[PDB]
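Colleague: Please find the sequence and an experimentally derived structure below.
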Amino acid sequence: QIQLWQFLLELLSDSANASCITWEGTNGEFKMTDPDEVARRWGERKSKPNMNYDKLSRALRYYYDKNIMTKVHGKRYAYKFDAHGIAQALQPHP
Amino acid sequence: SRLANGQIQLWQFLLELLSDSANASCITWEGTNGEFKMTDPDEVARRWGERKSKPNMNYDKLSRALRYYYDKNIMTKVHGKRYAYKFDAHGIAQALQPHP
Amino acid sequence: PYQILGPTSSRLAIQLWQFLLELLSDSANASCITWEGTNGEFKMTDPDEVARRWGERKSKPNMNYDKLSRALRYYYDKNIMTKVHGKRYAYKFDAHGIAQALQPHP
DNA sequence: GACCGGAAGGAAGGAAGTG
DNA sequence: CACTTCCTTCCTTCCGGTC
């Protein structure tokens, strides 16, 4: 199915959807400017009327452990994709 | 369990680590009746990955596996303690020699 | 409803979809399973009861919902039934799938 | 309110065993 | 085959907590 981490890159790529989500430079760093709006779409996308930011953020926090993306400290609605994290998952040395 | 004799099952693999106290770092017992605790859930998960050739394995995915054992009655959650699961002898007994 | 009881009772004259419609026949089993719309949509109101029974009729214990559900998950591509999106324990039969299985018309 | 992480359980679909 | 078995993967859907 459509994975969340993918569905975010679906909207980040389109600069017309800068109202809800957009990049913030650094290195693969991004922000949700309208947190509710993001969750609202990811809701309808998966036939989910209840899906809010809390339920979405939970989904994102699992990626801290999967080592896909990390939370940008202090900065509100700030999540940064982890290159090394993703690189250590497709070039592993057990 | 030594009475085992497909691949290793999680409930089995855990009893392998529990038997040896060299692995007391990440997993260990907590009183009688098979109450056990994971003292480093991260470590346990990583080995269950090593054993099943699956480097991605993390608690969320491992833990989900344990939670399927509630209907098999193979092991149970200790509600009080964090990262603490209790085995069920009768469960693994019925799992090995089922009687209709 | 009555229309769907055509296929079910004609095959009754043992696969899992057959057994599910054997449960939907009459009622008193409404406690565990029943219909939504008579299009095909149906819900399991006690999933773990449906399971317990299905295991009993096949003479195999340790038959939970996950093991039953996985069986329904293979019916997706055979086109015997489909999932109802965002409805806990809700599935929908495909008449055109049951058609091919009862009568082969290539 | 944003943020953290258990914990439960759904739902999908691989992979190997059943008989 | 038509499942059964055992997951792995990916989340919703609650929480009781920190800040």
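Modeller: Received the coordinates, thanks. Residues are numbered from 1 along each chain as shown, chains lettered A, B, ... in the order given.

Colleague: Name the nearest residue to the closest residue to chain C within chain A, sequence neighbours excluded.
Modeller: Distances from chain A to chain C, computed as CB to the nearest CB, single out residue A:47 as the nearest residue at 4.1 Å. Using the backbone N, CA and C atoms, a C-beta is placed for each residue, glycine as well. Of all residues beyond its chain neighbours, the one nearest residue A:47 is residue C:86 (4.1 Å), with distances taken as CB to CB, 6 or more residues apart in numbering or on different chains.

Colleague: neighbours of that neighbour, just the number please.
Modeller: Close neighbours of residue C:86, defined as other CB atoms under 10 Å in any protein chain shown, add up to 11.

Colleague: And for the one 3 residues further on?
Modeller: Number of residues near residue C:89 (other CB under 10 Å) recorded here: 16.

Colleague: what's it in contact with, if anything?
Modeller: Contacts for residue C:89 were tallied using CB atoms under 8 Å, 6 or more residues apart in numbering or on different chains; they are C:43, C:44, C:45, C:47, C:65.

Colleague: Write a ChimeraX command that selects only the buried members of those residues.
Modeller: To isolate the buried members of the contacts of residue C:89 in ChimeraX, using 16 or more other CB atoms under 10 Å in any protein chain shown:
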select /C:44,47,65
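
Colleague: Put the alpha carbons of the helix or strand containing residue A:63 into PDB.
Modeller: Secondary structure assignment for residue A:63, by DSSP states H and E: helix A:53-66. In PDB, the C-alpha atoms belonging to helix A:53-66 read as follows (Å, rounded to 0.1, in the frame of the first residue of the first chain):
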ATOM      1  CA  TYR A  53      -1.500  14.500  13.800                       C
ATOM      2  CA  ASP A  54      -1.200  12.400  17.100                       C
ATOM      3  CA  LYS A  55      -2.000   9.100  15.200                       C
ATOM      4  CA  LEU A  56       0.300  10.300  12.300                       C
ATOM      5  CA  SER A  57       3.200  11.400  14.600                       C
ATOM      6  CA  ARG A  58       3.000   7.900  16.200                       C
ATOM      7  CA  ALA A  59       3.500   6.400  12.700                       C
ATOM      8  CA  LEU A  60       6.600   8.800  12.300                       C
ATOM      9  CA  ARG A  61       8.000   7.900  15.800                       C
ATOM     10  CA  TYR A  62       8.300   4.200  14.700                       C
ATOM     11  CA  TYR A  63      10.700   5.500  12.000                       C
ATOM     12  CA  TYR A  64      13.100   6.700  14.800                       C
ATOM     13  CA  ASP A  65      13.700   2.900  15.600                       C
ATOM     14  CA  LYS A  66      13.400   1.700  11.900                       C
END
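
Colleague: what's the next secondary structure element after that helix?
Modeller: Using DSSP H and E, the helix or strand that follows helix A:53-66 towards the C-terminus is strand A:69-71.

Colleague: How about the helix or strand following that following strand and DNA strand D, touching?
Modeller: Toward the C-terminus, strand A:69-71 is succeeded by strand A:78-81 as the next helix or strand (DSSP H and E). Yes. Applying CB under 7 Å from any atom of the strand, one finds strand A:78-81 in contact with DNA strand D at residue A:78.

Colleague: Next secondary structure element downstream of strand A:78-81?
Modeller: With DSSP H and E, the next secondary element past strand A:78-81 is helix A:83-87.

Colleague: Off-centre distance for that following helix?
Modeller: For helix A:83-87, the separation from the chain centroid amounts to 15 Å (computed by CA atoms, centre = their mean, to the nearest Å).

Colleague: and if you look at stretch A:15-31?
Modeller: Counting by CA atoms, centre = their mean, stretch A:15-31 is centred 10 Å from the centre of its parent chain.

Colleague: Ends of it, what's the gap?
Modeller: Taking CA to CA, to the nearest Å, the span from the opening residue of stretch A:15-31 to its closing residue is 13 Å.

Colleague: Equivalent analysis for stretch A:62-77, please.
Modeller: From the first residue to the last, stretch A:62-77 extends over 16 Å; the measure is CA to CA.

Colleague: cool, stretch A:87-94 as well?
Modeller: The stretch stretch A:87-94 measures 14 Å between its terminal residues, going by CA to CA.

Colleague: can you check stretch A:30-40 too?
Modeller: Stretch A:30-40: ends 18 Å apart by CA to CA.

Colleague: One more: stretch A:85-92?
Modeller: OK, stretch A:85-92 end separation, CA to CA: 10 Å.

Colleague: ok, is that stretch in contact with DNA strand E or not?
Modeller: No. Figure legend: stretch A:85-92 not in contact with DNA strand E (CB under 7 Å from any atom of the strand); closest approach 9.9 Å.

Colleague: tell me the SS of the residue of chain A closest to chain C?
Modeller: Three-state assignment for residue A:47 (DSSP: H, G, I helix; E, B strand; the rest coil): coil.
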